[PDB]
Structure formats: C-alpha cells, structure tokens
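In: need a structure here:
(chains A, B, C, D, E, F, G, H, I, J and K, ligands or ions: 11)
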Amino acid sequence: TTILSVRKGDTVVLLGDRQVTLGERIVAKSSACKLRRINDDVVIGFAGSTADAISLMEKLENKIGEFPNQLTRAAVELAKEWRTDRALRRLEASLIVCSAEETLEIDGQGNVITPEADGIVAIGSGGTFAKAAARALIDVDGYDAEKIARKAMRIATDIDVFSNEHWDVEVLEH
Amino acid sequence: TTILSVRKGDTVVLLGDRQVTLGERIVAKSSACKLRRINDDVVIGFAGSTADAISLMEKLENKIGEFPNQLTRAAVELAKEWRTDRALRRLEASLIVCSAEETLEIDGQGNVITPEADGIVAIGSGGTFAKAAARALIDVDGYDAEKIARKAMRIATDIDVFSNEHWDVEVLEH
Amino acid sequence: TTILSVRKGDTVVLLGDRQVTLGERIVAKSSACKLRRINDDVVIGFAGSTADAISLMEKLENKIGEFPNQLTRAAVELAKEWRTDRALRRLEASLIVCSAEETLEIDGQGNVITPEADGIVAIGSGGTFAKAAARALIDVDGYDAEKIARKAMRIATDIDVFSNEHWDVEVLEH
Amino acid sequence: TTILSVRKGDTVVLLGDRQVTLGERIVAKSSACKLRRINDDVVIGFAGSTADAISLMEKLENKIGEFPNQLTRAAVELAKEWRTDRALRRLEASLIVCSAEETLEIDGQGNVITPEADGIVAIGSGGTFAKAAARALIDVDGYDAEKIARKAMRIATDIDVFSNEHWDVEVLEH
Amino acid sequence: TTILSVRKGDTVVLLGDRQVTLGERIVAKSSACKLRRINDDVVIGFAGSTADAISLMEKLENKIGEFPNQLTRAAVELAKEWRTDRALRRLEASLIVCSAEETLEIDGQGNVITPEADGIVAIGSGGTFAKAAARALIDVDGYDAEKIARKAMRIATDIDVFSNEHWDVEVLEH
Amino acid sequence: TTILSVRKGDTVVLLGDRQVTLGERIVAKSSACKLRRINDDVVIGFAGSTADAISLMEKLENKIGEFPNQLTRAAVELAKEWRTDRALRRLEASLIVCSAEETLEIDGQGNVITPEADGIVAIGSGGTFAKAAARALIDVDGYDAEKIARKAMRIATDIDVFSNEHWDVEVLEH
Amino acid sequence: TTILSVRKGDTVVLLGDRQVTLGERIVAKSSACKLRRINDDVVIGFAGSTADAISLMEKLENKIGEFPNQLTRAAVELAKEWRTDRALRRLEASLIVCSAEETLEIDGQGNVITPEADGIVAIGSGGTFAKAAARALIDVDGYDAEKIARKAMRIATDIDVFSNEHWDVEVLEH
Amino acid sequence: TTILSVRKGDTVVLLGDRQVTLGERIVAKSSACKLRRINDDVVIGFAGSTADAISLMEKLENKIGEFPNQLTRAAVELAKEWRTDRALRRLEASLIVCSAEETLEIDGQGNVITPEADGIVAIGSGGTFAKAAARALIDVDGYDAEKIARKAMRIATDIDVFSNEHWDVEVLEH
Amino acid sequence: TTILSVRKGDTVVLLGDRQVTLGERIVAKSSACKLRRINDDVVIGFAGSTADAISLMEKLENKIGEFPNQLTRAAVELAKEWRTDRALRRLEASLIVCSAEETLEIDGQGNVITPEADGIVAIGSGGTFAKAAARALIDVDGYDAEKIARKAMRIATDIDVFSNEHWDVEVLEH
Amino acid sequence: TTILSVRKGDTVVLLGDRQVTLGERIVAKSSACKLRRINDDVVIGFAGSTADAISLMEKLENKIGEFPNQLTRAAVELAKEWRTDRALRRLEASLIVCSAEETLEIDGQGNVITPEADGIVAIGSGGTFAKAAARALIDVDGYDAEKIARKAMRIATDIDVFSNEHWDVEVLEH
Amino acid sequence: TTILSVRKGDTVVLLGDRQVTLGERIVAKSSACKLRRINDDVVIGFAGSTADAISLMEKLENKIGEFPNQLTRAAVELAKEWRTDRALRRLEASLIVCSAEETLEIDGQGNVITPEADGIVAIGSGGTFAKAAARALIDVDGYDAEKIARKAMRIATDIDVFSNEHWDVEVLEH
Ligand SMILES: [Mg+2]
Ligand SMILES: [Mg+2]
Ligand SMILES: [Mg+2]
Ligand SMILES: [Mg+2]
Ligand SMILES: [Mg+2]
Ligand SMILES: [Mg+2]
Ligand SMILES: [Mg+2]
Ligand SMILES: [Mg+2]
Ligand SMILES: [Mg+2]
Ligand SMILES: [Mg+2]
Ligand SMILES: [Mg+2]
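Out: Numbering: from 1, shown residues only, chains lettered A, B, ... in the order given. Ligands and ions are numbered 1, 2, ... in the order given. Structure as follows:
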C-alpha cells in the first residue's frame, strides 16, 4: 500500500493505490478504494484490511464528534484508545487523516505524526518512497500539490511490489 | 480447499471441492460438502473446518437479517465483528458469499473482496490456481459460467494437493 | 492412541487401545479404558487425557440431550461450542461417537467427519494405520465388522509406538 | 523430585525425596517435605513448588469433601477443574494421592492414572526410575512394600540429579 | 510418495506412485516413474528427487558390482558410504531394492530394513498406510502379491496427499 | 519471476518476465532479460539472481556438450552435480531448458520435470499461476502456443507481485 | 532402544531389543538384531542406525587390533577419533563393548563409561530404566546375571515406547 | 542482586547490595536500597524492580496482618496468591523475609524456602555465591553473623557482575 | 549507507555518505570515504565494511584487467566468483561501478543490475529513498546530474538513520 | 563438575568430583576420575567428556614438551591452537593445569586465566561455588590448602546437582 | 571490556580495564591485562579472549613486518585476511592499534576505523560510554590525554557491568 498526502499552498491532496495483497504474495484485488470521505471537511486513507481500517475509522468518528473542531485532539484520543483497548490492539492498520488545515498520521504503535513544513505525510509499504519523491518536488515552482502527488505515486508504486498504478484522489481547499 | 465463483452474463456459479485434510498430510474425508444454501437468493462456500465455518455462517445470517437487501454491508459488518470479537478471532476460515447480484469474499484478516469486472472470486489453497484458469477462459465466447468453472476446478484441484476432483455446484440467475 | 470404528451390515463396532503415554516417551499405564457408554444407544471413544476427554464428553451429553436423535447435529453443536469457548479450547482431544445409525469424529480443529460409504472412522496417532488396514478388509465377504476391527487394531497398534495390543470393544446393532 | 508409592498386601507406602532445585541447576534446600497428611485416611505427595502444590491440594480437599469415599471421583473432578480453570492451569505440579484402598496420580496434562496390578505409581523427574526398580522387586520374596520403596528410592535418587537421598515416608493399612 | 513391495509365495512385486510435489503444496508432475530396473534380477524404487535418488542408485550399482550376489551386503556398504560421505549426506532419499530372494529398504538415517515374515516393505509419505493395508491382506484367500499391492496402493494413495493414483509395477519370480 | 514454456504442435515458446526484486519488497529493475539462447537449438529461462543462474547455465552447457543430443540426460547430469557439489548447492535458482523436441525444468531440490502431454512447464513465484492459465487454453481452438503463453503471462504476472508485465519471448520449431 | 549388560560372578550378559523406529513414531522393524560378536572374546551392542553403528564398530575393530588385550585403551582411542574426525561426528550411536573381563560404554559426546562395582551398564532410550531395575536385583542372591537382565529388560521395554519385548542375548565367562 | 541472610546464635542479619541494572548491561543506580523494615520485628529484602518488589511487599504485609505471629503461614499465603493471581504473576521478584525467629525465601515459582540448620538463605544473581561463602564460615571461630555476611557479600558481589560493593544491613535479636 | 549514481546527458556522478554504524545502533565514524577511483575511467562505491568491500574491489580489478573494455563482463565474472567462492561468500557488501559509458550494481545475492533509461542506480539502507527522489527530478528542467544527486542524497540521508549528511562525490564525462 | 585448585604457602592442591552426567539429567557414573598426572611436576583437571579432555591433554603435552619450563607459554600455545583448529573447536572442555609454581585455567572460549593473589582457580558447573567458599577461608590462619579445598568442595558439590561428594586429590610442593 | 585511546597534542594513551567475564555473568579474573606492547612504537589493546586476541595480534605482526612503516596498510591487510580466512573468522575480538602517529580500530565485521579529529577511539561493551565521556573533555584546556582517559574510564567502567575499575595504561609520544 501507498497512501500519500501533500499540502502545498491552499490545496491538500490525498492519494492511495488500489492493490490488495494476500500472503504477501498475490494480488487479490487491483481496484480497492483505500480513501474515505468521513464528512465534507475530512478525508482519510488507510493501510490494512477493510475491517480493521473501518473499525478504526468508526472510533475516529466518535472522537471527531466528541471534539468537533480539534482534529489533532481527536487523533490523539483515538491513538490512546487504540493502544489501551484489548480488541483494537489486535487490529493492524495505519491511517492518514486530512482536513484543509491539518494532516495526521496515526499508527498501531501509537505514533501521531504531523508533517514537517513541507506538508508531506505518507504510510504503507510504499509510503516512504512516495515521501522521498514528493520531497524532491515540493519546492519546485510550478508543481502544485496534485502534480507532486501523482508523480510521487508513480515512482513509489513502481518500486513497491505491494502497491499498484491505479490511484484514488481526494482534494481539499479552505 | 478450492472454492471458486464465476459470474458471466446472467449466471453465477459457485463450486467447491470435497477434500478434508488433517495435519496437512492426510485425507480424512473425500466427500465433504463446502457449500451452503442460506436462503433462496444466497449461497456460501467455505474454506476451514466445519465448526469454524458454520459459526461464521451463523453470524453472517444475523447480519444478513439485520441488513435485508444489502449483502455488501452485511459482509462488512460480519468482517468487523470477526476481527474485534475475541472468540471469533480464534477461528480460521474464509468465505465466499453469492447472490445473483453480488459476490464477496471475506477472510480472517478482515479483507472483503469483490471481483473485478471478470466476475471471478476464489479462496482456499487452490483458489488462486482456479482463478488464473478461469481468467483465461472468461472472455472466450461459447464458454458459459459453469463450463468455465468446471474446467478451472479440474485444473486447480489437479495442482493443489489439498483439494480433490469431486465438486459441488450451486447456480443462481435473476 | 488408536480408536477405530467399523460399520458393516447391521453391526458397528468401536475399539480402543489402552496405553497412556507421557512426554511422548514412557508408558504410564497399559490398561486404561478409552471408551464410554453414554447411554444404551451411544458409545464414545477418545484420544487425549482423561480430564480433557471427560469434560468434552459431558458437553456432548448436553448436546445429545438437547437434540435427542440428531446425533450429527449434537456433534456439530459440540464442535461449535468447543471452538468458541475459551476454557474448552485449552483442551486437547479427539472423539469418535457411535450409534447404530451414525458415526462421527470430532477434533479440536473443529472438523466433524462422517465416514465414507465404507463405514470406517478412526482417530489417534495410530488411527490412520487402522483405517488403512480396515479399508483393505471392508469389502472382503466373510469378514464382519468385529473381525475387521480386531485385525486392523493388531496391525495399527503394532506400528504405532503410542498404542498397545490390549483393546476394549463396544458393539451396537438396531 | 521423586515421589513413589507402593502397595503390597495390606500396606501402602508413599515416599518422597527432599531436594528443592532452582533453575534446574542448584539445590536451594535439601530437607523439604513433599508429603502431606490430609486426613487420617489420605496422604498426598507432590512434585512442583510449595505454593502450586498446596493450591491444588486445597482444591483436592474440596473435591474429597464433596465425594466422601470416592477418592477416584474426587481426583477426576480435580483434574477437570484443573484443566478448565485459567488460574489453575498456570500451575505446574503432579500429585499422588493415597488411601489404604486406592492410589491415583494426577498431572497437569489431565491424566489420572491408577496403578497396574503391581500397585506401583510414581512421579517427578526420578519417578520412572523408581518405578522400574520397584517393579523389579514387587514380586520378590522377602520384600514388603516399605522395603521395596526404600530400595527403589535409593536407586532412583542416585540416578536423578534432581532428587536427593533423604526421604519422607507415610504408611497406610486398613 | 508411496513405494510398496510385497513378497508372497514365489512372486515379489514393487509398486510406486507417479506424483512429484514441490514446496509440499503443488503437483509439478503426475506421471513420474519412481522405479528402475538395474539388471534382470534387481529393481529399485525411490522416494526423493530425481537427482538425489539417481546419485544413490549409481552408488548402489557400484556396491552391487563389488558384491555380486550379496544384495544385503551391498545395501549395507551403500548405507555406510552414504552416512560417512559429505556430498551424499546432503542428499535426501529412501530406497527399496528387490531381488527375487531379498528386499531391503535403505534410508538417509542409515537404517537398512528387511521385511518381517509377511514380506512387506514400504517407504515415502504414504508407505506406512500401504504397509498397514498390505498387512491386512497378506494372509487372506484370493490375494496374490500383485493383488495385495494394488489394493494397498489405492488405499494408501487415497489417504496421502503426496501420492497419486497412477502406479508403476515391477514383478520378479525365481 | 514467471518463466513459462508452452509446446503446441510444432512450436514451442519460452517466455519470461523482467522484474528483479530485492528483499522480497522492492523492484530494483523492470527490464531484466531472464532468457538466454545457448545455441541455435536450445533456449533457457531462469528464476534466481544473475550470477546464480549464469553459473548454472554454464554447467548446463558443459553437460550439453558432453551429451550432444540427449538434452534430458544433460539436465539430469546437471541436477546430480548441482546437488552434490558444495559451491553449487549454495546457489538458488530454477531453470527451464527448451529445444524443439524437449522441455525440462530443473530446480535446487534436484527435481527434473518434463511436461505432461499438454506441453506446459513453468517456474518462479508466478509459474504455477501461468501453468494453470495455460492449461485452460491448451486444448482450445484459435490458440497457438504463443497466444496461449502471452495470455497466461498476463494473468500470472497480474497476480504475482514478484513478476511484471514486460516479457521476453523465444520460439523454436523443427 | 534398550541395550543392557550385567556382570555378576563369572558371567556377563549383553541383551538388546529388536525394535527399529522411524520419525520417533512408527515401528519399521520388530526383529532387528542390535548385538554383534566381533570375535570369540568380544561382543558389542548398539543404539543408532545400522550404518552408523557398523561404521563405528569397524573403527573399534581397528583399534582393538592395534591394542590387542587392552580393551579400555581401544575404546578410548575410538572415542578420541570419533570426536575429532569430521565424518564420524556426523554419526549418531552409542555402543556397549563386553569381554569377560571388561565392559565399556561409549557415546557420541565422547564419554567412556565403565560400570560401578555392580557390573551394570546400559544405553538407549530405555537403558536407564533397565539399569534401575537391574540395580534393584543385582545383590539379591539366587538371581544370576541372565535372570537379572531378562527381568530388567521386560520392565524397561514395557516402559520405553521405543523398545520392544523381543531380545537378543549374548553371554561370556572366563 | 545479592540479598543474603545469616542467622547465628541469637543474631540474624540481612544484607543487600545497591546496584540496579538495566538491559542486563548497564548500572543505572549504584545506591538503591533493597531492604525494608516492615515493622519492629520484621525486615525484608528483594531482588527485582522497585515496583514489582513493593507490590509484593504490600501483599505480604496484608498477609502478615491477617496472620499476626505466624510468619511462615503469611509467606505461604502470599506465595499462593502470587502464583494464582494473573496480575501478580506478571511480576518478577524474589523476597527474603526475616524475623528474629524465622527466615523465609519466596520466589515467583512459588517456592517457600527456609534455611538448613546453618541459618543461611540467599537470593538474586549473586545469592548462591554468597551462600557458598557464608556456608564456609558459618561454623568457624571468630565469625559472628554480621562478620560472616560481610565477608560473604564481598566475595559474592566481586563475582556477580550484577551486584556491587555497597551494602545495606539490617540486624535482629530476641 | 547511501550510494547513489545518476547519469544525465554526458555526465555521471557517484555519491556516497560517510557514516559507519556498528551493531545497527551507534555511529563509530562520521567521515569514512565509501568511493574509490580504480583508474581514470572507473569509480566505485560500496556499502559494507572496509575489509569486505576492498577484498571485492580487488577481485573486481582482476576481472577488469582480464576483460579490458568490457566492464559489464567483468562485473558478471566478479559476481559469479563471489557467489561460488567459499571465502568471498562470507563477505557482505554491495558495489556500484561507474564508467562514463556504463553503471552496474552488484550485490551479495548475485544480482547485477544496470539502470533503466533514467540512468539511476543506488545501494545501501538509504539507496532506495535516494533513487525515488532522483527519479522525481531526472526529467526536470534546471537539474543536471550533480544537482539531482545532491538533492536526492539530502532527502535519502535525512530519512535513513544509517546514513549521514556528509557526502563524497565523483564525476565522469567522455 | 567441580574442579578446584587452591595454592596456600608452599602447597597447591587440585581436587575434582567424580560424577558423570548425561542429558543434563542422569548420573551415568559416580566414580570417574577427572584429574591426571602428566609428569612429576604437573597435574591437570578437566570438565568435559573423557575423549574431549584427553585429546586436549595430549595437545597440552605437545606444547609442554615444546616449551619445557614455561607452563604459561605452553597453555597459551594450546589455547591458540584450540581456537584456530577446526577439529579441536568441536571439542567441549575446560582444563586447570597446576605446577608447584603456576596454575592456569584454559577454556574453549580461549581464556587463559591465572588466579588472583589468593591462589584460587576453579571450573565446571560447580566451580564458582567452590571458589566463593575457598575465598572465604583462604586468609583464615590454621586452614591449609587441603583443608580449604575439602571444605569448599563439600559446599560446592552440595549445591551443584551436576557434581557429587566423592573427590580425587592431587598435591604439589617445591 | 573497555579499551580507550585518546590522542591529544603529541601524546597518545591507550587504556584498558582488567575484568574477564564468563557466561556474561561472573568475573573469573579481575587483574587481566588487555594491552600488549608489540614493539617500541606500537601498542595494542583487545576485547575478546586471550587466545583469540593473541592469534590476531600475531597475524598483525606479520603484516606490520611486511609493511614496515605503513601501520594503516598493515591493519587493512589484517582485516582482509581476517574476513577471508576460515579459521580466523571463527575468532571473536576487536583491536585498537596505536603508534605515535596513527590509531586504528579493527573488528570482526571488517571495519577499520580511524578517529575523527578529536583523536578518540574505543571498543568493548564499555567503549562507547568511554568515548562519550572523552569527547566531552577533549577540547577542555588543561586536560591532557592521560587525564581525559582516566576520567573517561572511571565513568565508562562504573556504567558497564562487564568492565572493572582497574586499568592498564600505555603512553606514546614522537
Ligand atoms: Mg508496484
Ligand atoms: Mg488435488
Ligand atoms: Mg505399539
Ligand atoms: Mg541425586
Ligand atoms: Mg493422493
Ligand atoms: Mg505483477
Ligand atoms: Mg515398549
Ligand atoms: Mg560485582
Ligand atoms: Mg540520517
Ligand atoms: Mg551435588
Ligand atoms: Mg563495572
């Protein structure tokens, strides 16, 4: 999996590939969507299985509802619950959550990672490749967010055997 | 085990072999049925032990009854419960669920997989061989769903030491 | 352990050896009974420890009382409970259950196995050897169920270092 | 540890060594008693730690009180409880229980072992040696139960590095 | 693999299945011959890979040539060389060697096994099932060596997921 | 890797993908050739590293030179040397060798596999998928060897994360 | 395996069982001889495979020939060679060597063990049980060496699942 | 850690070192106190982490309060609770408890060890060295309990890389 | 370690970081040079220890001297030797070899990798990050080989905890 | 094993126990001598098997003969050879070598240890306990070397389950 | 072990602790010297056993003799030989070599490490603590090399349980 978010100027984009792999060997599906719109202002991308990721997305929505505008605090409360609840700890997943203002990455180890000033966050077996490529383009004038993200995904997913070339895209502004 | 579903035109078929293997070494039964009719519109096939599979089938029926026409939502709710409930997580099984409209594959990792446009889904040690063979025939005119499935099963079960040459067949239309 | 059941014509027999082994090395007892009569119509044989097997037999009796003549259903319900209850899953055992009509094998993986048309079921470290020998004789006219079983046990228990030459026998008719 | 029981004629004896070993390397105590009198008719010997063994002895007393004369039934009920209760399964011990009439061995795997006609039962790292030696003497002239048990313990505890030469003895008659 | 030899009266037969399995999962070939005629008087059957077995068959021929009529001595000299030579010890195989007079089994652990009075020897993942079934028939009316062997193979190979239903046969007399 | 050979009528084809993967995770090269022409009559395809495969190809040339027309014998001699030579056993690779007449597969376990009557042989992580798909098409109208092979590669390499969509082709006739 | 030697008075006996076991699970032969007469004055018994034991016996004969009357020195020289030679160290076996004067036990760890004053030596999975039983009887007047050894074997082999009830006997005097 | 108690004549001393080690590699503190005075009559020393030891000291105080003068009974009750309670079993620690009359050692395996007639008990990685040295001096002229204990600690802590040279001392009389 | 080579137009650059890490934990040196000029036309960079890498560089120089202009053939011969020679296989390293014309990567698994049309090759724990960043910039205006390489190293070495910010550079033209 | 050397004044003693243990479980001999006189001025004690230790003693004698008075240099040359020779490294043993002047301990890790000013050296599973007890007594006036060594052996061997109470003694003066 | 070298101005010092530890648990010697003067101009310090280190020091002396003034080249040649010679690779050690001009560290992984400008090199379990402390003082005026090293050793050896407080010192000038 490769999930990549790039914020530049007043645009943030979130991209995810569509490959589902079993046994770390075989592609079982090449058209799976790994992004979800949870409301008008918030999108989320996941590495992990459908059930694992959706269970965590539902707990995130509880938190987001309990802390209306404070996305960061919702993420942190989620990560706390995730690490201390016995059932949730048996889940394997990583998330990236975006609003126009904020991007957070949350993983099963309990890290909550916001981007550096370059606006880039990524997860999955391919995420680090994507991040490296996006970082190479972030400051090159005339490359907006979406153009950076597409190029970075092509490069990351060509390298990662666990990600494919078909991508879903979400965009946000303010 | 090989469970294979092929949808082509207005027909979907679901086929399963009949071998039960212990210790990954010995055939303990060669005539076990791995398909179940859960109502007039829905059939299901399983890899895993009788008790493990039936326990998950019963939970699926709860979900199907709680989300009457939405087979996909039932499958997802099942997968969520399966991954988060302590007792169910100690079960090992994979399921394919068919209606005339929809086919879903659900596994213990929490994946819920629908087919590509070719209408093929498969599970078990032999499933991927079956899928490769079915894919080779899917678009060859004059091979209908059942003919594709039978040919694919012969091939997959000849290769997989853990599946045999005796198959059960279910068919659905709309 | 070798537990063997053979049904031929209107007779079914159930035989078990009497060796109890510790550490997979030493005979601690050579005269242990591994068969139980649970009522006039039903006998059961076990591989596993006394306490493990008896705990499961008691649960099987609950299920037999709850599904009076449907011995197959009782066995499946037992297996479901066995796989989903935390305490029972810490037990290790296999069972064969016989009535005049039906024979089932149930194991800790949740398999419930009925015989092929040859009427033969077996469990334990020696069970497969017994089954192979019984299958060789099942169709030879003049060998009734008890004669087949005795011969098969002599052969299986001579090969299996974990089973001995002393056997208990139960018989049923209808 | 070596615990040994020998029944011959109207006498049964129960003997245990006195070595406590830590880390499978060092003698921490050479004078530990491993036998207990639980009433006038019943004695018990243990392999395992003080606390583990005493916790099981107390449960055995519950069962003995619940099945007044039926020492076998009490042992079996104990073994059942031992194998199904989460806390008791974290204990490591083996027991021999004697009355004038009956001797039983109970271990953590859930075996409940009564002796063969020779009247001999034994447990611990040295138990099998003791048993072999006692079996050699059981039928020989001049050797009553206590004389057999002493000789067998000398031989067993000389061979087992985890047992010593100092022994406690209990005797019963009817 | 299942290799089975049965001697009854003045006939000895040697039978082998034809399945080659990779990764303990997939049938790569269903028509491989596992028997070799090494001269007019001597046939040999193998479990293991083509190269491993043929390398050991060649060394066996050296020994057979060096000890003309003494098939047992040749087998022993082979087994000695096999266990002490560094290159040969990296091979994995078992052999059965037949003449009209003698049958020997030789394995990588250095065992050299001649049959009991029943004349039966077998090797491979299915060998013990075959032997059990052949032993059930060895003394029964109407069954010569070949008939016993064919029946025993059907039974053994049905059980062993690593052997198939296609068999080669060699026969010898004197 | 996926290497696939299909013989139908007087044509045999050999196809391979071009992906090189490191650490079972990353594509280091997407344009590597895995087929070699060793003379006018013989082509070979490999799974494994460049150096490992080439070292074995060179030894196979020695054997081909030493057994001019007997490609089967050369392959067997290669496999014997491979299994008994200390340096060669530290190599990991599989090979498929074709002439117009013969196809053989040779692996590190010492198997030498010729095809069934269908003419199909395959190796690599994707080989079995390719074989299943090719077997589905082998007997169907309109499909010559090359058309079968291309279709089977597309299917196999779409499923295997360790093979890509770019293929080299070799063809032979007689 | 159980090999036992008992010296009492002017008689020494050497006994061995006849069971050969594979995979620590199945009896492959019940009539194997584990004793060898190497000359008129010397007998030897072995635990381990035919080839392993015979290879070491042959090296022992070299040493016995190089140190004519000094059986103890030969044994030590053998053990030295066994531990320092690369090929011999890949062998697994234990030996007991008897003359009328001397008994030595030699194992793969390089121990060379002579008996205590009681004249008893034993090896194999059952050896220690045999020793314990022999030691119980060694000083009981009217039990000569052979009577002790037979009784000890019955006991040891009843307990050891890896030894059987059929024994070979050698006797020596001076 | 080295905790050592010596009772000689009417004096008992308890000594402990002061080193705390992390990762079995690094001294994190060289001045940690491992002895506690729990009332005027009772002192206790611990191996294990502050939190683990204190939690078990508190439970010991509960028991000491529930069984006012019976120190041995309190120690046994503690050990029973320790071995059966899920939370307490995840602790690692060993304790020595002293009064003027009694010394007991209690460990996580559930041993409750009282000294031999020499009055010496010890725990920790260094405890057995300390015990050996104290035993050498226990019966020698010119050495009272404290002098023995100091000398034994210097020796033990010089050897044990996990104990240091700084010691706390408690003394009791009656 | 990060070694990165970028060829664009008539310029090829080779860059390496300077960090040496021990135990996968600590920087032992931050100023180590990982590039070597082997003649006027050929530069080489290495991941691995000084001794391992120099021993392989020397063998590469033998090959380069034995195949004067054929860099590719030299690399392949090196990789062959490396994989088949016992001493060289105990070495751990990876190499990138550049001339003005050709770039090759050689690793301990025996892969010999040339770049794609983009001219980029990289090795070490950071190499894949560097490659991803360099691939993002390879086709963009304003960026020559050296500028690409520097930017890619900054990015890769900021991510890789095993690579630092100090780089050596070699340049070649033709 | 416990081997202990104590030098005090003009006397050095070397003591060793006599227990040989197999499988870290059973005493196979209680009267084995572990000391050797190699000439009038030099004695040696060993932990390890007879053959291992004697092989090393013989190499030590080669060195002692090649460096006549320089015991320390002989030991070091032995240890160098032991660590660099392939056959010797497969041996497991530790040695203590004494003359009147010098005591050295040599182990399989290549340590060559001389005593501190207290004159004490020890090896084996019990060695450290012996050392601790000897150190306690070394400076107590009126305890000579032999009295210290005997007391220390009683203590160490009472604690070590792998050493017994029977000791050999060698003494030297100058 | 802690070996530390500090070069400041015209002085270089080399310090080592004196603790020898066995089993990662016990101090076997507290006064072992870990430095050697190999000639007037060159000193060396070692972590590892006596034999391992001395064997490598002797090979270093061969190299130093073969490359008279080029200490660096000698070190590198040593490291090459160390990594490629079968016997030397079975050794475990690390070395620091000093002359007045040069300091090199050489380890079993084949690193050859020269210091940064601060002149500090260190090895052993305590080496990195020593280095850190020496780096804090290196630039503080009035702290010469020997004063820095002593302070750094007190700090590093107080932390490392595997190093002691007793140090050997060598000094060099030019
Ligand atoms: Mg990809
Ligand atoms: Mg099959
Ligand atoms: Mg048996
Ligand atoms: Mg003992
Ligand atoms: Mg089969
Ligand atoms: Mg692919
Ligand atoms: Mg037996
Ligand atoms: Mg210390
Ligand atoms: Mg970095
Ligand atoms: Mg002892
Ligand atoms: Mg220290």
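In: report the closest residue of chain A relative to chain C.
Out: With CB to the nearest CB, the shortest gap between chain A and chain C falls at residue A:86, namely 13.4 Å. Just so you know, the C-beta spots here come from the backbone N, C-alpha and C atoms, and that holds for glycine as well.
In: residue A:81 - nearest residue in space that isn't next to it in sequence?
Out: residue A:59 (6.3 Å; CB to CB, 6 or more residues apart in numbering or on different chains).
In: pick out the residue in chain A sitting closest to chain G.
Out: Closest contact between chain A and chain G, by CB to the nearest CB, is at residue A:23 (28.9 Å).
In: my guess is residue A:140 contacts residue I:147, does it?
Out: No. Judged on CB atoms under 8 Å, residue A:140 makes no contact with residue I:147 at a distance of 11.5 Å.
In: still on that earlier bit, gap between the residue of chain A closest to chain G and residue B:21?
Out: Noted for residue A:23: a distance of 18 Å to residue B:21, by CB to CB, to the nearest Å.
In: between those two, who's got more neighbours?
Out: More neighbours surround residue B:21 than the other of residue A:23 and residue B:21, with 18 against 9 (other CB atoms under 10 Å in any protein chain shown).
In: which residues touch that one?
Out: B:27-28, B:162, E:161 (CB atoms under 8 Å, 6 or more residues apart in numbering or on different chains).
In: most widely separated two among those residues?
Out: Greatest spatial distance in these: B:28 and B:162, 12.0 Å, computed using CB to CB.
In: now do the SS call for residue A:136.
Out: The three-state label given to residue A:136 by DSSP: H, G, I helix; E, B strand; the rest coil is helix.
In: do residue A:157 as well
Out: Classification of residue A:157 by three-state DSSP places it in helix.
In: from residue E:118, how far off is it?
Out: 64 Å.
In: stretch A:160-167 near ligand 6 anywhere?
Out: No. Legend: contact between stretch A:160-167 and ligand 6 by CB under 5 Å from the ion is lacking; minimum distance shown is 7.4 Å.
In: contact partners for the closest residue to residue A:3 other than its chain neighbours?
Out: Nearest residue to residue A:3, sequence neighbours excluded (CB to CB, 6+ apart): residue A:45, at 3.9 Å. Shown in contact with residue A:45 (CB under 8 Å, 6+ apart): A:3, A:5, A:14-16, A:34-36, A:95-96, A:98, A:123, A:170.
In: ok, residue A:44 next?
Out: A:14, A:35-36, A:38, A:57, A:60, A:95-98.
In: same question, residue A:98
Out: A:5, A:12, A:14, A:42-45, A:170, A:172.
In: now with 6 Å?
Out: A:5, A:12, A:14, A:43 (CB atoms under 6 Å, 6 or more residues apart in numbering or on different chains).
In: and if you look at residue A:27?
Out: If you count contacts by CB under 6 Å, 6+ apart, residue A:27 has them with A:19, A:21, F:159.
In: before we move on, the earlier item: of the contacts of residue A:45, closest to ligand 9?
Out: residue A:123 (20.3 Å; CB to the ion).
In: burial check on the closest one, number of neighbours?
Out: 27.
In: then the one 4 residues further on?
Out: Burial of residue A:127 is recorded as 23 neighbouring residues (other CB under 10 Å).
In: about what we covered before: dump the contacts of residue A:45 to JSON lines, plus secondary structure and distance to ligand 11.
Out: As requested, the contacts of residue A:45 are exported to JSON lines (DSSP: H, G, I helix; E, B strand; the rest coil; distance: CB to the ion, whole Å):
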{"residue": "A:3", "secondary structure": "strand", "distance to ligand 11": "49"}
{"residue": "A:5", "secondary structure": "strand", "distance to ligand 11": "50"}
{"residue": "A:14", "secondary structure": "strand", "distance to ligand 11": "54"}
{"residue": "A:15", "secondary structure": "strand", "distance to ligand 11": "54"}
{"residue": "A:16", "secondary structure": "strand", "distance to ligand 11": "53"}
{"residue": "A:34", "secondary structure": "coil", "distance to ligand 11": "53"}
{"residue": "A:35", "secondary structure": "strand", "distance to ligand 11": "56"}
{"residue": "A:36", "secondary structure": "strand", "distance to ligand 11": "56"}
{"residue": "A:95", "secondary structure": "strand", "distance to ligand 11": "46"}
{"residue": "A:96", "secondary structure": "strand", "distance to ligand 11": "47"}
{"residue": "A:98", "secondary structure": "strand", "distance to ligand 11": "52"}
{"residue": "A:123", "secondary structure": "strand", "distance to ligand 11": "44"}
{"residue": "A:170", "secondary structure": "strand", "distance to ligand 11": "58"}
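In: top of those by neighbour count?
Out: When neighbours are taken as other CB under 10 Å, the top entry among those is residue A:5 (31 neighbours).
In: which strand residues bridge that one?
Out: Beta bridges link residue A:5 to residue A:14, residue A:121, judged by DSSP bridges.
In: confirm for me that it is in contact with residue A:102.
Out: No. In this structure, residue A:5 is not within contact of residue A:102 by CB atoms under 6 Å, at 10.6 Å.
In: where does whichever residue of chain A sits closest to chain D fall, phi/psi-wise?
Out: Of all residues in chain A, residue A:86 sits closest to chain D, at 15.4 Å by CB to the nearest CB. Dihedral angles of residue A:86 (phi, psi; degrees, to the nearest 10) stand at phi -60, psi -50.
In: what ranges does chain A have for its helices?
Out: Along chain A, counting by DSSP state H, helices occupy A:50-66, A:71-84, A:86-89, A:127-137, A:145-159.
In: can you say which of these is packed in most?
Out: Ranked by mean neighbour count, the helices of chain A are led by helix A:127-137 with a mean of 28 (mean count of other CB atoms under 10 Å in any protein chain shown).
In: that concludes my questions; thank you for your assistance.
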